[PDB]
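Chains B and A supply the protein sequences, listed in that same order. Position in the first sequence (from 1) plus 9 gives the number in PDB author numbering. Position in the second sequence (from 1) plus 11 gives the number in PDB author numbering. Positions of the beta carbon are idealized from the N, C-alpha and C atoms, including for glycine. Below is one structure, written out as structure tokens; the observations come after it.
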Amino acid sequence: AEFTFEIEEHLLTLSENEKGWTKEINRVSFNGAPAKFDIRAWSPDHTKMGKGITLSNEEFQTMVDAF
Amino acid sequence: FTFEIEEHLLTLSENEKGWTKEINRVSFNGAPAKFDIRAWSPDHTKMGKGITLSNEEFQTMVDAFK
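What follows is the structure in structure tokens.
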């Protein structure tokens, strides 16, 4: 379909708000591509995805070697 | 809404259209700046999809991988 996604692995929860939504760092596949680092808000059951950013392994490593 | 990039911290990549994916400190609606990762047009007058992280959220993350 116009886009598909899958949380392959959960790495870290950064926070949660009053409504149960969580901000998370996961490994997520989009449109059947190899999973990538993904930072974004998720609903309690993870069926709605909020604003966020997807990072390639190279970028993510850059960020971590950066800071 | 209003917004200002108060500090440019890092560029993660750029595309053929000249747009960049960056980590900045960005103020929204007059609020204290927060960490912000998203795609910016070349002149930074248009942004793409991204997220904003509180100071405690960004620090939570950096600790976990290093």
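Buried/exposed call for residue i, threshold 16 Cβ in 10 Å
| i | result |
| --- | --- |
| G29/B | exposed |
| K77/A | exposed |
Beta-carbon proximity list for residue i, same chain, < 7 Å, skipping 5 on both sides
| i | result |
| --- | --- |
| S52/A | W30 |
Cβ shell of residue i (< 8 Å), same chain only, five flanking positions each side left out
| i | result |
| --- | --- |
| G61/B | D47, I48, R49 and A50 |
| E25/A | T31 and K32 |
| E11/B | none |
Alpha-carbon to alpha-carbon, residue j and residue i
| i | j | result |
| --- | --- | --- |
| residue 8/A | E27/B | Any answer about residue 8/A is impossible in this case: the structure gives chain A only from 12 up to 77. |
| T56/A | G59/B | 23 Å |
| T13/B | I34/B | 18 Å |
| residue 94/B | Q70/A | Any answer about residue 94/B is impossible in this case: the structure gives chain B only from 10 up to 76. |
| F39/B | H19/A | 29 Å |
| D54/B | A75/B | 33 Å |
Beta-carbon separation (whole angstroms), residue i vs residue j, contact threshold 8 Å
| i | j | result |
| --- | --- | --- |
| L64/A | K45/A | 6 Å |
| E67/A | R36/A | The Cβ separation is near 15 Å, so there is no contact. |
Residues near residue i by beta carbon distance below 6 Å, same chain, minus five either side
| i | result |
| --- | --- |
| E15/A | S38 |
| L23/A | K32 |
Proximal residues of chain D, C-beta to C-beta of residue i below 8 Å
| i | result |
| --- | --- |
| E68/A | Looking at the structure shown, chain D is missing, and the protein chains on hand are B and A. |
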